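One chain comes next, on its own, written out as structure tokens in the form deposited in one PDB entry.
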């Protein structure tokens, strides 16, 4: 149990009641440093550990697709935790008000939460800190190397972050100890009432049939493990060669599970390290799930304006500014982008993959966001549109990887300058013709009519 994974958010007077783990980002019972640390603190204090989860007022900003995925996962989690004699409490409302009251009502001794660098989590932490008198800790349960340890600053490139992270893997890549058992309404009801509130905004085909197909990704810890196991057995050997081909299903498909914390990336890395596969494919995959994922936490943690133009590198701000008044080839509205009504069939197909499955292939996500910049009035408007659509329709959205990936695509964050073009300046350009040279674009379009 490495103390560098835990940080104090508030010093206080420890009460004599249970240790409370305010679960938010890491919705799993296994392989969860925040839960393991909470259990250990409870044991030292001779008290039980309890889990509290807040169903917040912002769920109406996304869709049924994410709400059902998350809640079905929590139904399974409640059962798993209760098998370890760990009670779970699901609070409906504002974390500031609901967690503060719970701590007081239940005489909590200590409060622990998991780590997210997103602004909304910081908003909740501020409100909770001002309403409690007990000690408050946060644990990085999402990254292999704690975010505040991997680097002390924003890293401008994968190649500056990569040796810092790999230097620390020997310390922080380790097996998990087993979770020791201990010595306010039904989730089915919350899901029903929330779905009924979301129904008017469900994405529909003109037929009135819903667009979303829920059968592509089954939610929960158990299903996540099966996805990991099948990736290692069936897809890892080809990952290096085929990861950029959206006509093949050769990615891990782990991002929805990783986003909600239904599986630990440290677990995935342990299992991939011990698998014998193509060394090139293993290297490629580890670069994505270690370097690119954890540098996205680095980006959001050290850049308070991670969702704005101000966080782009200076070379990219200067270049995009120099091309602000260039005439754009096309300008689409939010609603035209949302419905896949551009002139570009590959763009529209990528949007239909997103609408129907909730998970756009990683290669076309790059293409998709870069064309929003090309066909938007300004870089700021492009950022707003890409974030809006990514977060509304991706199962893995509302995530540091989403803000960092959009910033990479539109603002060159973690990229370098390329040849200068009109409108997009020196931001890496991705052409339709260049995609045709790299995969069977007609097959991807035919699949997503």
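Take the two forms, find the largest set of C-alpha atoms that superpose within 1.5 Å, and that set is the rigid core. Positions refer to the first chain, counted from 1.
Below, we refer to the form deposited in another entry, which is not included among the displayed structures.
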| Hey, after the core superposition between the shown form and the other one, which of 79, 205, 167, 327 has the C-alpha moving 2 angstroms or more? | 205
| Is there a C-alpha shift of 2 Å or more at residue 241 between the shown form and the other one once the rigid core is superposed? | no
| query | After a core superposition, would you say residue 152 shifts its C-alpha by at least 2 Å between the shown form and the other one? | reply | no
| After the core is overlaid between the shown form and the other one, has the C-alpha of residue 193 moved by 2 angstroms or more? | yes
| said: I want to verify one pair: residue 201 and residue 337. Are their C-alpha atoms nearer or more distant in the other entry compared with the form I supplied, knowing the change is 3 Å or more? | reply: farther
| Looking in the other entry, are the Cα atoms of residue 196 and residue 334 closer together or farther apart than here, the change being 3 Å or more? | farther
